[PDB]
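In: This one is an experimental structure. Sequence first:
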Amino acid sequence: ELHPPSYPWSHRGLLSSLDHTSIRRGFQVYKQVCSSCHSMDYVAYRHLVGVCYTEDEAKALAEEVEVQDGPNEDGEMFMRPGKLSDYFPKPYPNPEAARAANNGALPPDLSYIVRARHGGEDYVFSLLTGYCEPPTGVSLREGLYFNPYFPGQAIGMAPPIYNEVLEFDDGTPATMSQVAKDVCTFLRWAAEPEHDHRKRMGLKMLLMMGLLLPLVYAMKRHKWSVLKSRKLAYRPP
Amino acid sequence: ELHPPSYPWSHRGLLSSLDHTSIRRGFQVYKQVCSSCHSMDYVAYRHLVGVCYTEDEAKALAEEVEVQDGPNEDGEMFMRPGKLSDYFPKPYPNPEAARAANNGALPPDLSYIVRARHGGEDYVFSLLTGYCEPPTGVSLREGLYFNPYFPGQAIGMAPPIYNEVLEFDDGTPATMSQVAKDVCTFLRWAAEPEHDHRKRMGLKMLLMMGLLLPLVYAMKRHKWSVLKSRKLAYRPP
Amino acid sequence: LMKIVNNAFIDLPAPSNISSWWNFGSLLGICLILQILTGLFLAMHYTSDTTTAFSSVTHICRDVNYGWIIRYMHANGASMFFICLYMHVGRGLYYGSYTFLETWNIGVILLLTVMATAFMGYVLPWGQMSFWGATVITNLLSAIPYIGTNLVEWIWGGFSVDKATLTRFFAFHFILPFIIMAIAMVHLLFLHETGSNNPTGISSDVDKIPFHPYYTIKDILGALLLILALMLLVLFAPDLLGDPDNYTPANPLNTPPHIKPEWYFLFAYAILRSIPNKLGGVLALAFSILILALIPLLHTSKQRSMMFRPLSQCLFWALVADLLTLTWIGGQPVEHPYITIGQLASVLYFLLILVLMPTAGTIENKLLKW
Amino acid sequence: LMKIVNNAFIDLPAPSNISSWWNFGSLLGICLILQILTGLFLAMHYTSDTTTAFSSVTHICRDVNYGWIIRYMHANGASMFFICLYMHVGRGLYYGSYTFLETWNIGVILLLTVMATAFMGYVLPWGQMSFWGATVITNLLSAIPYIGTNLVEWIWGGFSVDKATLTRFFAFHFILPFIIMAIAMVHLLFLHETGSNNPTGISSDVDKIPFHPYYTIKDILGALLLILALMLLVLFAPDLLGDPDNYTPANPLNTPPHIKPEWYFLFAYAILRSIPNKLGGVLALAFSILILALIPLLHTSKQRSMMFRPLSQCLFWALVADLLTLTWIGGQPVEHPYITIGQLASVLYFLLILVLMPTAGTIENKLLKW
Amino acid sequence: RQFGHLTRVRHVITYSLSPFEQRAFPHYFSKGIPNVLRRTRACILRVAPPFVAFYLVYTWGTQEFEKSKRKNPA
Amino acid sequence: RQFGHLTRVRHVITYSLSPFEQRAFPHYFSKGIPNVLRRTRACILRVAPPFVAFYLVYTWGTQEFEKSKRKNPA
Amino acid sequence: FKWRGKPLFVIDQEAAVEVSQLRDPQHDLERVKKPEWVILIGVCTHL
Ligand code: HEC
Ligand code: HEC
Ligand code: HEM
Ligand code: HEM
Ligand code: HEM
Ligand code: HEM
C-alpha cells in the first residue's frame, strides 16, 4: 500500500464548506475528459442547481447531448435532447464494452468512489500527480502504466490529465494541479450533495446541545440536591 | 354484457383434473397461432415438464427458437438457441409495436387472462366460437370485427382460428372446436400450474378434517358432559 | 415466574352458559398469528418495485415449492378474518358487550387499524384494481378544503400513485399486525378486571368456571371449522372473493368498466356512493364506523341483552339486511334501480341505530314499569 | 386502569448509590425505539431487489428531503447501540448482575438475536462487503458434517447468494426488533420481582427510592449524551465506522484485498480466524458468547461485586485489553506478527473467565476466612 | 381477579359425574332434534322476514335493472 | 413490589432540605477536585496497566509488521 | 400521454356548442389558448 498525505482543503474544517466556484470549473473537466469512459449513473444535471449552475444554463447542456428515451408509437425507440431530469450520459451501454475499449480493464464509476476508497480526495489528487518514470527492475505490459498510489503499482490508466489539456470558462490556469483540485472537489460533492447543509445542522446542534447540556445537568443536580445534602444519625437507647 | 354458459369440462369436478393429453396438443396451438402476437412472459418450457412434454423433447423447442442473451466480451449482445430456463419468445419487444402491428389495438397477455376475465374458460371458448355476421343496423371500422362476448361487441380481433388451419401430432381432427378445447384447457394451466396438486391436498384435507371433526366434537362433548349432566337443588331452612 | 400471568388463559374464571359464538372471539388470535405467519414467509419473495412486484407474485405461484398456497391462505384468510369480526361485533350488540366502555372503544381502533391496513394489502400486486382501488379511496381525502390536496399529494409521494406510493404502504402494512398483536393484549387487559359477558347479560359471578379443558378445546373446535372453511376456499374456490381483475398488470391509461374494491368495504363504500355530494358522504363514512363509539350512550334499557328484548331482535336482524344489502348494492354499479336503494339504505343504517334501538328500551322499560 | 402497571417506570423502588453507568441500561430503549423509528421511515424507499437496492439507497441520500441523515442516524446508531451493550454487560461482571440467573440468560438471547440481526442489516445495500460479508460468515455453517451443505444452500435460496438471499433477510431483519421490543418487557419482568443491583452488590432493600424525578431525568441526561455522540458522528464523521467499500456496487467476480465485517464482530471473528482448523474455531465462537450463560456457575466469592474485590479488577480490566485487542487484531489481516497474538488472545479470553475469576473468590474467601 | 372473593352463596348443592361414566352423545337424535325445533320456533319470526325482503329486493333489484338496459319502442 | 413491606428499620433519623434553599453546585471546584483525584488513585493501578501494554502491543504490532514488508538483503 | 403519473389527453363545430344550454356554462376558448390544440387532465369528473 501507500498512504496519501492529509492535504488541506477549503472544506476540511469541521465547519468548512466547498468552494462552489471550484466546483463550477470542476464539472467542465468531467464532460471534456472523464465522460468518455466513466459512467456516473447516480447524478443528473438538476442536482447542479443551487451548486454550480442555474436552471437555464445547466439546461443548455441537456439540450447539448442526445439521450435514448421514448417508445415511438411505431413501437421503436429514438434519441432526443435530454433535460434536467435526465441523468448523465452513460459513456458505454455496458461494462464489457469498456473492457473492450481498454486493455481488458474496466473504469469504475465515480459517483461514490471517493467515499469508497481510503483517504478519498487525497488518494485521488495524489493519484493523478503520482505519475513518474517506472523504477529500475520493473516491467509492464502495454496499456498498463505506473502509479505508486494504486494497489500493485500497476494500472491500465492512460494518463488523462496534463498541463494545457483544455481551457476553462473564466480563464484560470489549466495546470495539471488546479484542474486536479476542482475535480476532487467535484467528486466529494458527488457522494455528498449535503455538505452545505450537513455543517448547518453541524452548527445548530452545538449551540443547542452545548446550551441544553448544562441546564439538564443542573436540573439533575437540582433534584438530586436533596440527597447530595442528606444527613443521618442513629439514636437507639 | 353477455354471460357465457357453464360448459362442462374434464376438470370442472371438485376432484377432477386436467386431461394432459389435451394440453399436449394445446401447446402446439400457441406456438403455431397465438405466439405471433401474444406475449406470454410468465412461463418457460421447463414448467411443461411433468405436464405435457419431457425434458429432452421440450428442450428440442428451446433449440428451435433464437433468444437474445449474453453480453459479448466485445461489449455487444447476440442471439443463441434458448434453453429450458428461458421464458417463452416474446413476439414484440414492447406493447407499442403490437399496437402498430394492429389497427391501434393491443393484444393482452394470456398468462393469467383466464382468471382475469369473468367465467374464465367458458368466456374464451365461446369467444372464438361466437363469431357471426353482424346484425342489421351496425357499422364497424376496418380491422374491427363482431363478437358478442366481447364488451361493446366490437373488437380488433382478426379471426385467428378456423377449421383445418393447422395439423397436430397424433392426428386428431383440427376442427375449430377441438382446437378450441385444448387451448382453453391450456390457459387454465397457465394461471394454475398447481391443479394436479391442489386437488390432491383438496382430498387429503377432507378425509382428515372429516375424520378429526367428529373426534374433537366428541372430546368437546366428553369434557362438557359433566355440565351437560349437572343437577342442583336449594335446601335452606 | 412469568407463569402467573398466563393463568388468564388457563385458570381464568368465565361463565358456563356460553354459546358457540365466542369461538370467534379467539379465532382472531389464530387468524392473526396464522395470517402473520403466512405473510411473513410470503414476503420472503415479495418485491417493493413496480417493475417486478406483480412478477414477484408470479415468482411464488409458479416456481416456489408449495408456496402458491401461501398467496391464498393469507389472502382469502383475510376474508375469513373479517367474517369473524362482523360475527364478533354484532354479537356485542345482540348480547350487550358494549357497556364495557373501556373495551368497546378498543374494539374500534382495531377496526380502523385493520380496514386501513387491509386497504394497503390489496394494493401490493398492482392488479389494475390495486391502482384504482388506491386512487378512488385516497382521492376522497381531497374532499377537505385547503389541506385535502396536501395530505393526498403528501401520501402519494408526488402528484399521483407511483413506485413511491407502494413501498410506503408495504412497510405500513407489514407492521400494524404487530401493533395489533400488542393491542390485542390491551384489549384483553381491561377485560381482565371484569371478565366476559354472557348472552343473557346477567352478571354471572356465581357461575364462573375454569378454562383449560373447556373453552380451549371448544376454541380449537372452532379453529378447525376456520381452517376447514379456509382450506375449502383456497383448494376449491380461491378466485371467489379475490376479484379476477387483480391478476391484470397495472396500467393507469385504462380502467375497467366496473370498479369495486374488495367485498368487505362495500357496505361502507356504498354509503358514500349514495351521496351525490363529495364531502357530504365522507363524514358519514367514518361516522358509520365511529357510531360504535357513540352507541354506549344509547343503552336505554336497564336490561343488557337482547335475548330478553324481543323487539330489539326485530330491529337488529333488520340491520343485517341493510349491511348485507349495502354489501351487494355497493359492489354493483350506479343506475336508477340501485340509487333509489342506497339513498334509503344509508339512511336506514343511521336510523335503526340512533332512533329505534334507543326507542326500544324507553318502551320496554315502560312495558314492565321501570 | 392500565395505570398500575406503569408504576414500574414511575413509582418503582430502586437504590440511591447509583452511578452514571446505569444510564446505559435504558438508552437501549431509546436506541431501539429511535433505531426502529429511523429504519421504519427509512424503509419507505428501500427496495428488496438486486437490480435497484443499491440505487434505492441513492434514491435516499440524494433526492429525499433531509432523508440522507436517516441512513446514518440508523446505521451509525447501530454502532452507538453496541457501545452501550459492552458497557452494559461488562458492568454486570464488574458489579455482579449475573447472579440473577433468570435475567442473565435473557441478556444473552437478545445479543444473539441482535448480532444475527445486525448481520442481516449490513448486507442490504450490496456494498461488495455486504456480499462477501454474508458469504464468509454464512459459509462457515458448511463446517458441520452431513448437514452444513444443506442448511447453507437452504438459506442461500440456491447454491450461492442471490436476490433470493436478500429478501429473506429484509423480512427477518425488519421484524426482530419488535421481537426484541417484547422481550425487552420480559427482561424487565423477571427484574421486577427483585429489582436492580447496586455497585456494591449489597441487598439495598432499606434504601430504595422513587423514580420519576431522579432517574428519569438522569437517563434523559444520558440520552442527550447519546444523541450528542450520535449527532456528532453523522454530522462530522459518518464514514468513520461504516467501511468505505460498502458504497461500492456488488460484484461476485472481484474481492477486496482485505476483508473484514463491521468493527463489532471483530473481537469474535478474530477468535475463529486464529484457528487454522475450520470447525475447531466455530464452536469456540458461540462458546465465547454462550460462556455468559456458563459464568453464573462460577461465582466463587460469597461476595457479589468487584468494587470490594481488588484482584478481580486486575483481571477484569485485563479482559478488556483482550477484547479491544481482538477488536483491532480481527480487523487486520493474516500475517506472522498478528497470528502469534490471536493464538494467545483467544486462549486468554477463555482463560481469564474460566480459571482466574473463579480462582479469585476461592482465594479471597480464604484471605478473609469464609 | 380469581376464585375466592367474588360473591356469596348459601344453601346450594351441586351434583355431577365423571365423563367416563356416561356416553358423550346420549339422546342426541332422540331429544336434541325437538330442542332444535323449539330453538327454531323462538327465533325464525324475528330473523327471517328481513332476509325474506332481502331475497325480494335482490330479485326486483335485478329485474328492473334487467329491463332498463333493454330498449324502449322508439 | 413497592414501598411498605420490604424490611424493618428501627431508630434511624433522616435530615434533608429543599433544593431551593441551597445552591446546586457548591464546593464543586473547591471540594470536588480532590475527590476526583482520590477516586483516581484508587482505580488507576488496576485499569491502566492493561491499556499500557495495549499501547505497546499496538506499537510493536505495527513495527514488526512494518519491517516484514520491507525487504531483506538478498 | 402519461404525465404526473396521470394521463394527458391532447373547432369548426366545436364552437357551435351553446354554452348556456350546457351544464357548466363554459365557452371552448375559455379552456384553451390556441383553438386547435386541446388540453385537459383526462380524469372523469364524477368518480
Ligand atoms: C482513457 C479513458 C479514461 C479517461 C479519459 C479517464 N479515465 Fe479514469 N479510468 C479509466 C480506466 C480504463 C480506469 C481503470 C483503472 C484500473 O483498472 O485500475 C480508470 C480508473 C480511474 C479511477 C479509479 C482509481 C482506482 O483506484 O482504480 C479514478 C478515480 C479515475 N479513473 C478518475 C479519473 C479522472 C479524475 C480522470 C480525468 C483526470 C479520468 N479518470 C479520466 C478510464 C479513463
Ligand atoms: C392476428 C394476431 C392475433 C392472433 C393470431 C390471436 N390474437 Fe387474440 N388478440 C389480438 C389482438 C390485436 C387483440 C385485441 C382485442 C382488443 O383490443 O379488444 C386480442 C385479444 C385477445 C384476447 C382478449 C380477450 C379479453 O377478454 O380481453 C384474448 C383472450 C385473445 N386475444 C386470445 C387469443 C386466442 C384464443 C387466439 C387463438 C384462437 C388468439 N388470441 C390469436 C391478436 C391476436
Ligand atoms: C390484518 C392484516 C393484513 C391484511 C388485512 C392484509 C391484506 C392483504 C390481502 C387481502 C392480500 C391479498 C393479495 C392477493 O391476494 O393477491 C395481501 C397480500 C400481501 N400481504 Fe398483506 N395483509 C395483512 C397482513 C400482512 C402481513 C402480516 C404480511 C407479512 C408478514 C403481509 C404481506 C403481504 C404481501 C407481501 C402481500 C403480497 C401478496 C399478494 O398480493 O398476493 N400482509 N395482503
Ligand atoms: C385482533 C383483533 C381482536 C382480538 C385478538 C380480540 C380478542 C378478544 C377475545 C379473546 C375476546 C374474548 C372472547 C369473547 O368475549 O367471546 C374478546 C372479547 C371482546 N371483543 Fe375482541 N378481539 C379483537 C377484535 C375486536 C373488535 C374489532 C371488537 C369491536 C367492537 C372487539 C370487541 C370485543 C368486546 C366488546 C369483547 C367483550 C366480550 C364480552 O363482552 O363478553 N374485539 N376479544
Ligand atoms: C437492532 C436492529 C438493527 C440493526 C443492528 C440494523 C443494522 C443495520 C445497519 C448497520 C445498517 C447500515 C447500512 C448502511 O449504513 O448502509 C442497516 C441498514 C438498513 N436497515 Fe437495518 N438494522 C436494525 C434495524 C432495522 C430496522 C428496525 C429497520 C426498519 C424499521 C431496518 C431497516 C433497514 C434498511 C432498509 C436498511 C438499508 C439502508 C442502508 O443499507 O443504508 N433496520 N441496518
Ligand atoms: C434491547 C436490549 C435491552 C434492554 C431494552 C434492556 C433493558 C434493561 C434495563 C432498563 C435495565 C435496568 C437498568 C440497569 O439495570 O442499569 C436492565 C438491566 C439489566 N440488563 Fe438489560 N437490557 C437490554 C439488553 C441486555 C443485555 C444484552 C444484557 C446481557 C447480559 C442485559 C442484562 C441485564 C442485567 C443482568 C440487568 C440487571 C441490572 C442489575 O443487575 O442491576 N440486558 N436492562
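Out: Structure's in. What do you need? Numbering: from 1, shown residues only, chains lettered A, B, ... in the order given. Ligands and ions are numbered 1, 2, ... in the order given.

In: All the helices of chain E, in order from the start?
Out: Counting by DSSP state H, one finds helices in chain E at the ranges E:33-41, E:48-69.

In: Over to chain A?
Out: Taking DSSP H, the helices of chain A run over residues A:20-32, A:55-62, A:95-101, A:121-128, A:178-190, A:195-228.

In: Give me every residue in chain G lying close to chain C.
Out: G:2, G:4-7, G:47 (CB under 8 Å from any CB of the partner chain). For every residue, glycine as well, the C-beta is placed using N, CA and C.

In: Next step: those residues restricted to strands.
Out: Of the positions in those, G:2, G:6-7 sit in strands, assigned by DSSP state E.

In: Which of the residues you listed sits closest to residue B:197?
Out: Nearest to residue B:197 out of these is residue G:2 (CB to CB; 40.8 Å).

In: Give the full set of residues in contact with that closest one.
Out: By CB atoms under 8 Å, 6 or more residues apart in numbering or on different chains, the residues touching residue G:2 are C:252-253, G:8.

In: How much space separates whatever residue of the stretch 101-250 of chain C ends up closest to chain G from ligand 2?
Out: Per CB to the nearest CB, residue C:160 is where the stretch 101-250 of chain C lies closest to chain G, at 3.6 Å. Distance, residue C:160 to ligand 2, using CB to the nearest ligand atom, to the nearest Å: 25 Å.

In: what's the closest of the contacts of residue G:2 to chain A?
Out: Ranked by distance to chain A (CB to the nearest CB), the contacts of residue G:2 are led by residue C:253 at 13.1 Å.

In: what's the most buried one of the helices of chain E?
Out: Counting by mean count of other CB atoms under 10 Å in any protein chain shown, helix E:48-69 has the highest mean neighbour count of the helices of chain E, with a mean of 13.

In: And the helices in the stretch 101-250 of chain C, which stretches?
Out: Along the stretch 101-250 of chain C, counting by DSSP state H, counting those that start in this stretch, helices occupy C:101-104, C:106-117, C:130-139, C:148-156, C:163-173, C:176-192, C:214-236.

In: do the second one and chain D meet at all?
Out: When you say that, I think you mean helix C:106-117. No - Helix C:106-117 is not in contact with chain D by CB under 8 Å from any CB; minimum separation 10.8 Å.

In: Would that helix count as contacting ligand 3?
Out: Yes - counting by CB under 6 Å from any ligand atom, ligand 3 has neighbours in helix C:106-117: C:114, C:117.

In: That helix to helix C:163-173, inter-axis angle?
Out: Helix C:106-117 and helix C:163-173 are oriented at 150 degrees to each other (axes from the mean of the first three to the mean of the last three CA atoms, to 10 degrees).

In: Likewise for the fourth one?
Out: Per the same axes, to 10 degrees, the angle that helix C:148-156 makes with helix C:163-173 is 80 degrees.

In: just to revisit the earlier point, can you flag the buried ones in the residues of chain G next to chain C?
Out: For the residues of chain G next to chain C, a burial check counting by 16 or more other CB atoms under 10 Å in any protein chain shown picks out G:5-7.

In: and of those residues, the nearest to residue B:194?
Out: Nearest to residue B:194, judged by CB to CB, of these is residue G:5 at 35.0 Å.

In: Against residue C:253, how distant is the closest one?
Out: 11 Å (CB to CB, to the nearest Å).

In: Over to residue A:101?
Out: 40 Å.

In: Looking only at neighbour counts, state which of those two leads.
Out: Taking neighbours as other CB atoms under 10 Å in any protein chain shown, residue A:101 and residue C:253 compare with residue A:101 leading, 16 against 10.

In: quick one on the thing from earlier: quick check, nearest of the buried ones among the residues of chain G next to chain C to residue C:279?
Out: The closest of these, once distances to residue C:279 are taken by CB to CB, is residue G:6, at 22.3 Å.

In: Dig out what that closest one forms beta bridges with.
Out: residue G:3 (DSSP bridges).

In: For the residue nearest to residue C:188 when sequence neighbours are not counted, the count of nearby residues, please.
Out: Using CB to CB, 6 or more residues apart in numbering or on different chains and skipping the chain neighbours, the partner closest in space to residue C:188 is residue C:8 (7.2 Å). Using other CB under 10 Å, residue C:8 is surrounded by 18 other residues.

In: Residue A:153 too?
Out: 16.

In: So the residue nearest to residue C:188 sits against residue C:189, correct?
Out: No - judged on CB atoms under 8 Å, residue C:8 makes no contact with residue C:189 at a distance of 9.2 Å.

In: Can you add distance to ligand 2 and give the buried ones among the residues of chain G next to chain C back as CSV?
Out: Compiled in CSV, these are given as follows (distance: CB to the nearest ligand atom, whole Å):
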residue, distance to ligand 2
G:5, 24
G:6, 23
G:7, 18
